[PDB]
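Enquirer: chains from the complex, first installment, not repositioned:
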Amino acid sequence: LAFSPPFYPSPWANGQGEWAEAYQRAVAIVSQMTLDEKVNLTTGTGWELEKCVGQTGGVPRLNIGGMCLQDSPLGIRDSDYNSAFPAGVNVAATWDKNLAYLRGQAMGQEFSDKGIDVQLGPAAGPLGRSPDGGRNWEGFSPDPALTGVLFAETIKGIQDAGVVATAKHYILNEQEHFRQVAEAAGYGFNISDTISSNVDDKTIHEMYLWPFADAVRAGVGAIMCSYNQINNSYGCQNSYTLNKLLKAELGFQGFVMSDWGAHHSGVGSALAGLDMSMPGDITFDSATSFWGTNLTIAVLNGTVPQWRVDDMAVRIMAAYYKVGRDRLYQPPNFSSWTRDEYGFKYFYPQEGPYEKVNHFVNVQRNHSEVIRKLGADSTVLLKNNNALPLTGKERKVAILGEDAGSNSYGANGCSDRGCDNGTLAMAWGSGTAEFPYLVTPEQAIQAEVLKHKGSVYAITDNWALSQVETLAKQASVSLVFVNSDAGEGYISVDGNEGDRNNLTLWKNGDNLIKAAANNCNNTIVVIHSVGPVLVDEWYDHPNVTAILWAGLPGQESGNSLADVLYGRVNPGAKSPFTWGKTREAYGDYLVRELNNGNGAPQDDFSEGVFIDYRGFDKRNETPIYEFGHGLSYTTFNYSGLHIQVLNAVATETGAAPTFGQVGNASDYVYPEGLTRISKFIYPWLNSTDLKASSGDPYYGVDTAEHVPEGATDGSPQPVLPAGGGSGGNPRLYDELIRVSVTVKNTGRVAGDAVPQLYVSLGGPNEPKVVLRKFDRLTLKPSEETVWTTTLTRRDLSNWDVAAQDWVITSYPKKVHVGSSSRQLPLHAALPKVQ
């Protein structure tokens, strides 16, 4: 059984880089705080006790309001008068840094204006190991370089708007099956612990950890650790991922919160590097906590050192000052639990004053513009035989497929989007937001036809094949809509328990396209989905003249598409994952059966780095549409590749500091004038009897055997070779090579090119190409521009497990530039650099 080696102590914050001023202020405020106050910062107040999906008590004596933590990565969850943005996989499909930033900023403004302090997103974990993982859509791309840049830009947009961003889920939560014990039980599986991702050190550094290093370096405030185990140690108490990888190596200065229900111990978690417990209780409304009271006590009895709790407090306050949250503070002006204007203050037990719980604040501004633009710029044109753009002069237009029409229960009529009815604009689970409205393809395309006085109908029942065939025959174009859904594991739709059971079109989609293609010589397929689908039985049909994948566009879905279909937007999106011929061609199977008796299922990542296009490439498999593939209504030419070699840190930390003082147990007893709200989690002790007021069956049992070596060691520590900066040693960020290429629009209309830069790092076990750089360039017909990027030392390195460091190996390296991972007409050998 895979094992996770200890790494202690839990590194302490130091004001590194961009964090200096936030840290000074955090120190100055935490210095003034009592122990119970500090504890208050670390622990949620209990499932559905206050307004937000997570919420802490704050420090009322020092005028620090409770921190409000709300889902989701694509807009405010469980609220009203908010926008629904396209999903993160759409962001990835844009290959546009600027759009990722703008979406981050639009979300941040909305979260801010609801009195939300922390957004539970963006996501980069799951990275995308398996094309059927239920949550890949919440993230970006199975590619680390593309994912990391867009993750980082999204984080910066949110944080520049004055809300803490939360990089989640850290780390290796690559599937939904067996991610939680009670969740597996509800599906009839009996497991004593959650699935264990077992991964080698090289793989983790070069893939799953890489976007987290980008997030840390961009200044991310928070990280959320995951439900799964890593080598059979839970994500939210894994000292190797948390103390070693994230805090010592990556030099992470903010706080680590648990996923909801991912907290599995008081002492172990605190010493293994967790900073905040969400939603606060052990299970929802258990009125017990691994922290709160238990953590106050653990400091009082000598088990957790004051410096560790003080560091939790400093990291939490530092994230808060760093984004300027204190300057924007206001209590949450909505409730996640009800839409009622008035209600009891403490939702779950229905206690506290009866008062205004919703203000109905309209936070949307004009954000439908970025959503519409982004949806259009993420529409991948996979196939186009001179079919598109449409002109408006088409005489009779057939809109075919349920995915074009309305959800008959209303756009929000399935709780957490837990169905696949009508057009698919948002997948399911916690990564969701209430739509203010949803513009369907049916509405948008019908309005466009009628504006030109054409004829148009929508058929939206995918088994009405007789009416489909009859209409297809009469039409000048058939626009066929199809989808494939997925989502978080707590919701099952049609027996799909988060993870998709297959990669086939839902609701008869393949039969629908065939019914149409057999009758219109101009059949145009639109796919909405969470990731790749099997297109093998119809993509090469002579009557399927164009194919688009539009992802999950959010609220303006139909207008984003019309913009693309009718040429207002020249599509420039690129596939951010691989379209293979079969499920088998992707390998990386999901663990769907118990393979460790009734223990934790074991998920061995035995492919190593060979996921998505790296795997297709290794196996010599030819994708239908490759990573980086996307067409345009113009043409681009790449020429003139040139390479230019360019001219291009403490060894110990300080001792761990403590701020403020700890007093007697009697100081932290429940205050006499306070009504204790039922299920509410507090930092207080029933009496000075520590053991009895812990109520912990294991209190003082074999304590020292359960505290790992080094776990309480507050003395100076060595700086890891790969650490000592933000997102790693700052040398990794030295720019070693400049690359330049000329890109020309050789066609008849303006459009965006997406130049892509791959390297071959060389060596018997490396992928043949891996993406390193990209940009999205707007070019007029005949226009030329010189695209210039740089490669960093990290970009040219591999993880050396013996050195514990990034090393540029002695194998000769090459650069490749072109339009996709398989369309690389330019190549150049790289000279030795170190």
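Expert: Looks like it came in fine. Residues are numbered from 1 along each chain as shown, chains lettered A, B, ... in the order given.
Enquirer: from here on, just use CA atoms for contacts and neighbour counts.
Expert: Noted.
Enquirer: tell me what the helix or strand containing residue A:466 is packed against?
Expert: Residue A:466 is part of helix A:465-472 when elements are defined by DSSP states H and E. For helix A:465-472, the packing partners by 3 or more CA pairs under 8 Å, 6 or more residues apart in numbering; DSSP states H and E come out as strand A:396-400, helix A:509-517.
Enquirer: how about residues contacting the next helix or strand after the last one?
Expert: The first helix or strand that comes after helix A:509-517 along the chain, using DSSP H and E, is strand A:523-529. Residues external to strand A:523-529 that are found in contact with it (CA atoms under 8 Å, 6 or more residues apart in numbering): A:387, A:403, A:423-425, A:477-485, A:513, A:516-517, A:543-552.
Enquirer: follow-up on the earlier one: starting at the chain centroid, how far to the helix holding residue A:466?
Expert: Remark: helix A:465-472 is offset 41 Å from the chain centroid, using CA atoms, centre = their mean, to the nearest Å.
Enquirer: report the buried residues of it.
Expert: A:465, A:468, A:469, A:471, A:472 (16 or more other CA atoms under 10 Å).
Enquirer: who's in contact with the closest residue to residue A:473 other than its chain neighbours?
Expert: Closest residue to residue A:473 apart from its sequence neighbours, by CA to CA, 6 or more residues apart in numbering: residue A:519 at 5.2 Å. If you count contacts by CA under 8 Å, 6+ apart, residue A:519 has them with A:469, A:472, A:473.
Enquirer: want to throw those into JSON lines with distance to residue A:815?
Expert: Conversion of these to JSON lines gives the following (distance: CA to CA, whole Å):
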{"residue": "A:469", "distance to residue A:815": "50"}
{"residue": "A:472", "distance to residue A:815": "48"}
{"residue": "A:473", "distance to residue A:815": "50"}
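Enquirer: which among the residues you listed gets closest to residue A:91?
Expert: residue A:472 (33.6 Å; CA to CA).
Enquirer: could the buried residues of helix A:465-472 go into CSV alongside distance to residue A:78?
Expert: Shown next, in CSV, are the buried residues of helix A:465-472 (distance: CA to CA, whole Å):
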residue, distance to residue A:78
A:465, 38
A:468, 38
A:469, 41
A:471, 41
A:472, 41
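Enquirer: and which of the residues you listed is nearest residue A:668?
Expert: residue A:465 (70.8 Å).
Enquirer: the closest one: what's it in contact with?
Expert: A:512, A:515.
Enquirer: check the one 5 residues further on too.
Expert: For residue A:470, no residue meets the contact criterion (CA under 8 Å, 6+ apart).
Enquirer: could you dump the helix holding residue A:466 to CSV, C-alpha only?
Expert: This file holds the C-alpha atoms of helix A:465-472, laid out as CSV (Å, rounded to 0.1, in the frame of the first residue of the first chain):
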residue,chain,number,x,y,z
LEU,A,465,-37.2,11.4,-35.6
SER,A,466,-40.0,11.4,-38.1
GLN,A,467,-40.6,15.1,-37.7
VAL,A,468,-36.8,15.6,-37.7
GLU,A,469,-36.4,13.7,-41.1
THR,A,470,-39.3,15.5,-42.7
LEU,A,471,-38.0,19.0,-41.7
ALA,A,472,-34.4,18.2,-42.6
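Enquirer: what pairs with whatever helix or strand comes next after it, parallel or antiparallel?
Expert: Using DSSP H and E, the next helix or strand after helix A:465-472 towards the C-terminus is strand A:477-484. Sheet pairing of strand A:477-484 (DSSP bridges) gives strand A:396-400 (parallel), strand A:523-529 (parallel).
Enquirer: alpha carbons of the shortest one, in CSV - could you do that?
Expert: Right, strand A:396-400. What follows is strand A:396-400, C-alpha atoms only, in CSV (Å, rounded to 0.1, in the frame of the first residue of the first chain):
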residue,chain,number,x,y,z
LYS,A,396,-35.5,27.7,-44.2
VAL,A,397,-33.5,26.9,-41.1
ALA,A,398,-33.9,23.7,-39.0
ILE,A,399,-32.9,23.9,-35.4
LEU,A,400,-32.7,20.3,-34.3
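Enquirer: to the structure above, add chain B:
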Amino acid sequence: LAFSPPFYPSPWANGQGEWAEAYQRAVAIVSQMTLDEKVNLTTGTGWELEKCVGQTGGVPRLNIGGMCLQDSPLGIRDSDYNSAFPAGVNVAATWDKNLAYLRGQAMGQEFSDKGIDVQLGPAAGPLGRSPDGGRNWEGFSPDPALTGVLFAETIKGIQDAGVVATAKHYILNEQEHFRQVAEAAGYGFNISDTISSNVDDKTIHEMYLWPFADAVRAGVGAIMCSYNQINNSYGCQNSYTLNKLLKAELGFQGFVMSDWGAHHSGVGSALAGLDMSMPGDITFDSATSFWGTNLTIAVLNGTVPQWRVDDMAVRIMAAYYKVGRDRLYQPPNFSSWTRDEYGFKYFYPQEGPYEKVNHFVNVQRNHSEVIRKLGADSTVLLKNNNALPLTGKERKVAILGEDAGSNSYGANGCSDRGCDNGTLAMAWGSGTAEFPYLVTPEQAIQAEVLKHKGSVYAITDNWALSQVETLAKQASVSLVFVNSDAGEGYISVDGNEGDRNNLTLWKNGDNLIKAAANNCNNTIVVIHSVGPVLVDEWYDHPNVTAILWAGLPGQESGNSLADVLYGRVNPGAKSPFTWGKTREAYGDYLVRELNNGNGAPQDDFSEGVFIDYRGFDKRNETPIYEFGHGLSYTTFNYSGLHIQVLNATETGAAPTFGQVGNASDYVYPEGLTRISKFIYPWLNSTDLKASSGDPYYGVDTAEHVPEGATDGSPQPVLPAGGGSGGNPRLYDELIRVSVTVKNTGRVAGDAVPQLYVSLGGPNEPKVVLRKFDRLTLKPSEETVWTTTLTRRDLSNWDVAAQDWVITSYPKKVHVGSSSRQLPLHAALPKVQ
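Expert: Putting chain B together with the chains above:
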């Protein structure tokens, strides 16, 4: 059993009134025709043999193309790139003569450009004896004055655009049940002949006939006789309705065509006043005809006088020339039977040249504008507790009801509209047209809200009550859509065989309104339906703040409604029927069970003239919403009633035109390939009997030909005849009535002043509608409305005198805003 007295001979045309020219050109061309050519004019070429729903083979030797006859009364059926107009009943809701005319004109243009010569509409029969009658929606109103005026207006619009209109169905086809023997069989009833409408002479004159008189007087060129019997004589061989009532009394100068399968004899129908057999065969594609060959033989053998067939050919040509069809002629450029560009020229047997059968001509022009406007001006505001118009500033809008959303099979996804799925903008059967598209309420209202940056959703599953209640608690306004559908008898939806089984909202409509109104203090109900529905269990709910009825609005439905809801259009429409508390409150039950063994069911119109509001008023029942009721976004005042008193006896002999030769002249030409199932006018051989194949040929012939049926001698002109739509003295204006109408509200808008008389006497309705108009007034703006009462308007039909008589009982006049809101009244002075 009821009995239909004979009336013979069948009156011949005489070029009366506005028909003088058309009749002279008709006589000139028929004079040049051989017998088989004339017969070709009168007989369809067989079911689905050519392009149109009905088609004659024309007279090629004289450059007269075959006549193309096509459904429906609300747009071109079975075609492509055509418009889909609101139903008749919507035109009735507008109370707008000018809109009726513009909708006729728009349709005429579309039909004309497809190469269609004759539109099979408009409809005023059914009048609407029964609220659950399956085709009432095709027509106008159970009121004969409102129907007659709007029916005449539609016909003028169609015919001024150069297409023959066909006033249908003549007469008394007031229910779908048992209207056809084969149809009844498919529903499990064994009857030997169709339902017989049995109606007294006064009622027929004062109600069912009256809009046909207006149609005739406005110049309609064709009439279509009905599937049902009247007093046990088939509508298409009824000498009393056709010969006496239509041709001798109303002076109809045009042609009468059979309904499709309504032809039931060769000699009998011809002599009883029928002019045209549609679709030409005895049963669909039987390759046999009551006419065609049979009618050539009936003339050659002396049973049908030459003058009768000459007259048929003269009526048919006079109609065609009357609308100027000859100047606009082109073969039909689409096929009713396939959408393919190419196909066999004779669809049913798939024979003849393989060639172009569809040219996909887009005839829609700008007709979507008149459609949108008529849909808005026909949306009756039944209740408004200060909820409308919406401002567009409503923060969150719930659209609720499957009636707001799309048909999941596509707007034309159910053949002849034979389903109730998604928004109801068209009822079912032959009275239909392919939408070029359908703007749903969901589309237009959500677009409206998005334009103002509001939040909006549509819920379109009527059993998703949980989702409906959750949204309705969060909404600023809830717009709840519900319907009730019906149609022609050959289609059954949810067990409704044409006729409605009930007047209750379909698709959980009542429970949907109750779930919304239980949670939004601002619930607004929109009804699409073929007629009245029962609103009693929610109309007065304190959270139901408004209620509209929008009828069957055609392709622009959503934009029509949004224009009204958002105040672009001030509703002016008025209910064209009564909204009763219960079904019982209407009486006039359908005949739904066999009541004459396995003979024809007997449908006794035992209520007489007392249908719709006449019956409610008679029984002193209070309607929830009366005939004539509609609210506006402004208010109007009616005052200053002022009343002022104002200051041929035989026909010619029947003519014959041209000559009849020997049998041998009418034998099939030698070089002609005979298309299979095609109906021709020719004889297999000079042997008459063997060429007819009639098992009754030559047997008891004279005993089967009623007295006077072959009398070509000059005939007496009836007292109530002698003109167009009746004796011209009937149209003398006897009294002028005036009132002042003022807009006293804050919104420009239309008033619909309505003038009712009481003719008096123990058997007369308390009030009957006589005149109306729709007048546009700005806020504070006044106008004088002036109108006149004719001799007909003040008369009752006297069965003894066989004439209209102003009876001696004192009469009153009433003016107001509805049949129940009449603040102005006076005694009328005695006039004669």
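Enquirer: the buried residues of helix A:465-472 again please, this time with chain B.
Expert: Within helix A:465-472, the residues that count as buried by 16 or more other CA atoms under 10 Å in any protein chain shown are A:465, A:467, A:468, A:469, A:470, A:471, A:472.
Enquirer: what sits closest to residue A:267 if chain neighbours are left out?
Expert: In this structure, residue A:267 finds its nearest non-sequential neighbour in residue A:304, 6.6 Å apart by CA to CA, 6 or more residues apart in numbering or on different chains.
Enquirer: so who does that neighbour touch?
Expert: Residue A:304 makes contact with A:267, A:270, A:271, A:295, A:298, A:712, according to CA atoms under 8 Å, 6 or more residues apart in numbering or on different chains.
Enquirer: sec struct for it, please.
Expert: coil (DSSP: H, G, I helix; E, B strand; the rest coil).
Enquirer: so how far is chain B from it?
Expert: 48 Å (CA to the nearest CA, to the nearest Å).
Enquirer: between the two ends of stretch A:707-726, how far is it?
Expert: Distance between the two ends of stretch A:707-726: 29 Å, counting by CA to CA, to the nearest Å.
Enquirer: name the residues of that stretch that are buried.
Expert: A:711, A:712, A:714, A:717, A:719, A:720, A:722, A:723, A:724, A:725, A:726.
Enquirer: closest one of the buried residues of helix A:465-472 to chain B?
Expert: Nearest to chain B among these is residue A:467, at 6.0 Å by CA to the nearest CA.
Enquirer: for chain B, see how far away residue A:241 is.
Expert: Where chain B is concerned, residue A:241 sits at a distance of 44 Å (CA to the nearest CA).
Enquirer: need phi/psi at that residue.
Expert: As for residue A:241, its main-chain torsions (degrees, to the nearest 10) stand at phi -70, psi -40.
Enquirer: same question, residue A:742
Expert: phi -90, psi 130.
Enquirer: rewinding a little: how far away is the residue nearest to residue A:267 from residue A:311?
Expert: Distance from residue A:304 to residue A:311, by CA to CA: 12 Å.
Enquirer: one more: residue A:738?
Expert: For residue A:738, the distance to residue A:311 - CA to CA - is 41 Å.
Enquirer: those two - which one has more neighbours?
Expert: residue A:311 (29 against 15; other CA atoms under 10 Å in any protein chain shown).
Enquirer: quick one: the more buried one is in a helix?
Expert: Yes: counting by three-state DSSP, residue A:311 is found in a helix.
Enquirer: my read is that it contacts residue A:15, right?
Expert: No: using CA atoms under 8 Å, residue A:311 makes no contact with residue A:15, being 11.8 Å away.
Enquirer: quick one: which two of the contacts of residue A:304 are the most distant?
Expert: A:295 and A:712 (14.9 Å).
Enquirer: check contacts around the residue of the stretch 151-300 of chain A found nearest chain B.
Expert: Among the residues of the stretch 151-300 of chain A, residue A:161 lies closest to chain B, at 23.0 Å counting by CA to the nearest CA. By CA under 8 Å, 6+ apart, the contact list for residue A:161 reads A:105, A:108, A:109, A:112, A:323.
Enquirer: let's have those residues in a markdown table, adding distance to chain B.
Expert: A markdown table is the format used below for the contacts of residue A:161 (distance: CA to the nearest CA, whole Å):
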| residue | distance to chain B |
| --- | --- |
| A:105 | 20 |
| A:108 | 20 |
| A:109 | 18 |
| A:112 | 21 |
| A:323 | 30 |
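Enquirer: out of those residues, which is nearest to residue A:189?
Expert: residue A:108 (39.2 Å).
Enquirer: tell me the contacts of the residue lying closest to the closest one once chain neighbours are set aside?
Expert: Spatial nearest neighbour of residue A:108, chain neighbours left out: residue A:158 (4.3 Å); criterion: CA to CA, 6+ apart. Applying CA under 8 Å, 6+ apart, we find residue A:158 in contact with A:101, A:104, A:105, A:106, A:107, A:108, A:109, A:164, A:165.
Enquirer: sec struct for the first one, please.
Expert: When you say that, I think you mean residue A:101. On the basis of three-state DSSP, residue A:101 is classed as helix.
Enquirer: what's the spacing between it and residue A:373?
Expert: Residue A:101 is 13 Å from residue A:373, by CA to CA.
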